[PDB]
Amino acid sequence: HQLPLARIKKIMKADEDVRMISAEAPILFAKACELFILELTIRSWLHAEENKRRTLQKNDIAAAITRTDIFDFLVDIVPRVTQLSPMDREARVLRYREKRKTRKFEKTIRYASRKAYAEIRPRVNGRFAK
Amino acid sequence: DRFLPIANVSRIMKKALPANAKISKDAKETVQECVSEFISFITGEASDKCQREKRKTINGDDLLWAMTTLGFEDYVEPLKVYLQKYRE
Amino acid sequence: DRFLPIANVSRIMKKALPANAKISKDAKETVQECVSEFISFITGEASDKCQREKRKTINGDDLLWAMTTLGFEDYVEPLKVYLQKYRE
Amino acid sequence: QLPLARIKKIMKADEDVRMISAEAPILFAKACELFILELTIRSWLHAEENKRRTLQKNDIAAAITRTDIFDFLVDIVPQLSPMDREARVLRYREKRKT
DNA sequence: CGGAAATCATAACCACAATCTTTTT
DNA sequence: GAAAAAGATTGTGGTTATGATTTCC
């Protein structure tokens with residue numbers, strides 16, 4: 001993969017309401033993050049061109065965020081089934097920015113009897129064995 | 001740590017740019033932070049769909065549902081193809 | 001924190017032991033803390049020699065001097081060899 | 001190796017320390033390796049005498065007890081004439097609480 | 001800022017009891 | 001309907017290969 005699965009799971013699990021994650025979810029996300037990076041970068045490079053530069057810069061990313069409606073959840077990083085209606089979507093972005101501080105990226109154990117069995121069990125070379 | 005590794009983000013950015021192009025340190029850092037927000041934004045919305053349906057495992061269709069909902073529809077069709085063709 | 005990583009220490013302990021052998025977690029924790037005190041111990045005497053000698057950088061000869069006076073002479077000759085093969 | 005950086009940090013935790021040559025942490029990385037190996041070798045002797053194939057804390061404790069030049073470690077599990085070294089060990093143990 | 005070298009961090013690996021989801025009763 | 005058994009799938013940590021970051025220039 002071009003993006004590390006475990007690190008994706010970590011960011012997902014910083015939401016306390018997340019319990020378990022299917023094995024596809026990180027795999028899917030790695031590919032979706034890729035598309036998100038390509039789109040974000042593509043539109044940022046426009047602003048660099050408009051400004052007659054060869055170097056992509058923070059303020060280019062900011063311009064792309066500002067120009068691109070569905071990127072408005074990202075307005076904090078650069079200070080100073082159907083799609084939701086712009087207004088419905090707007091409320092979900094506001095609730096997301098409301099919840100953003102409560103995110104904790106420290107390791108938390110969610111299933112203790114699993115940890116109990118994992119620390120008592122045979123390992124060939126760190127690995128679980130039969 | 002709350003970010004994906006800046007080297008990997010940097011590799012993907014370069015694929016969207018011309019060969020000429022150069023990328024500043026702060027542009028890498030900004031994109032790196034945005035990707036993490038993307039995950040959190042999608043994951044929170046998928047997490048709510050799971051609670052409402054009284055399920056406890058976030059699955060791929062929950063992500064795809066959130067992406068359509070929050071306006072990333074353009075990713076959904078490629079992702080479903082990506083699902084199956086990887087899955088073998 | 002103030003210790004060398006227990007995974008490095010573990011790796012080195014195994015080399016001193018047969019395949020049959022296994023190691024307790026508290027035995028790894030102990031060796032880890034001893035390794036740190038060894039550094040503090042050697043560094044202490046070497047640092048003392050430098051302030052006696054009006055110098056203020058601890059070099060390798062200081063460290064080697066401290067091991068000889070503290071009973072660790074067995075390490076000195078292989079350490080000298082190791083220094084130079086590294087090109088000092 | 002053992003990481004150069006955390007070695008340097010541990011070294012510089014003594015306030016008296018000041019500057020450290022670049023060769024010094026590399027020298028310590030190998031010396032700590034030898035130290036770990038000797039401590040382990042002699043702890044393993046204890047575990048054998050007690051016919052176990054698992055190295056336990058009390059094996060390390062016995063090796064620290066058995067070998068004089070490990071005197072300075074006496075507090076962890078509660079060349080110099082035998083007694084000039086003893087004085088350097090005592091002054092070190094008293095600075096450790098500081 | 002990109003690239004090479006040196007240094008260091010960690011993601012992936014493993015398998016099963018615990019737990020989640022579906023089907024039976 | 002509700003309960004319960006069946007069937008499906010993850011979370012968990014010690015080690016080390018992998019590659020991410022740090023240092024130079």
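The figures here come from the full heavy-atom set of this structure, side chains too, leaving out hydrogens, waters and symmetry mates. Chain letters run A, B, ... following the sequence lines, proteins first, then strands; residues in each count from 1.
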*Check the side chains of A:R54 and B:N20 for a donor-acceptor pair under 3.5 angstrom, ignoring hydrogens and angles.*
no
*Looking at the strand neighbours E:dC14 and E:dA15, are the centres of their six-membered rings under 5.5 angstrom apart while the planes meet at under 30 degrees?*
no
*Write down the distance between CG (B:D62) and P (F:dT9), rounded to a whole number of angstrom.*
15 Å
*So, B:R11 and A:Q2: side-chain donor and acceptor under 3.5 Å apart, yes or no?*
yes
*Consecutive bases F:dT12, F:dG13 stacked per 5.5 Å and 30° rule*: no
*Answer yes or no: does atom NZ of B:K22 have more than 12 heavy-atom neighbours from other residues, nucleotides or ligands under 6.0 Å?*
no
*If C1'-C2'-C3'-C4' is positive it's north, if negative it's south, so which is the sugar of E:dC8?*
south
*Find which nucleotide of DNA chain E each of A:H1 and A:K130 is nearest to by heavy atoms, and output the residue with the more 5' nucleotide.*
A:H1
*Quick one: are A:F29 and A:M12 in side-chain contact, heavy atoms under 4.5 Å?*
yes
_Each nucleotide in nucleotides 14-25 of chain F should get exactly one letter: B, S or -. Can you fill that in based on protein heavy atoms under 4.0 Å?_
BSB---SS----
*asked:* Is the distance between the ring centroids of A:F36 and A:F71 under 6.0 Å?
replied: yes
*Answer with base, sugar-phosphate or nothing: what part of the nucleic acid does A:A23 contact at a heavy-atom distance below 4.0 Å?*
sugar-phosphate
*Within the distance-only criterion (no hydrogens, no angle test), does the side chain of A:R97 pair as donor or acceptor with the backbone N or O of A:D76 below 3.5 angstrom?*
no
*asked:* Could you tell me how far apart A:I8 (CD1) and F:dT10 (P) are, to the nearest whole angstrom?
replied: 16 Å
*asked:* Going 5' to 3' along DNA chain E, which are the first and last nucleotides with any atom under 4.0 Å from a heavy atom of chain D?
replied: E:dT7 to E:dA9
*Whole angstrom is fine here: how far is it from CZ in B:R55 over to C1' in F:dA8?*
15 Å
*Parallel under 30°, tilted from 30 to 60°, perpendicular over 60°: which one fits the rings of A:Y96 and B:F41?*
tilted
*Could you tell me whether a side-chain N or O of A:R123 sits under 3.5 Å from a main-chain N or O of A:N125, the two making a donor and an acceptor?*
no
*At their closest point, which heavy atom of B:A27 faces which heavy atom of B:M13, and how far apart are they?*
O-CE, 4.0 Å
*Watson-Crick/G-U partner (both atom distances under 3.5 Å) of F:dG1*: none
*asked:* So, OP1 or OP2 of F:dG13: does either fall under 4.0 Å of a side-chain N or O from A:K107?
replied: yes
*Considering heavy-atom distances to DNA chain E, does B:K56 or A:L3 have its closest nucleotide positioned more toward the 5' end?*
A:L3
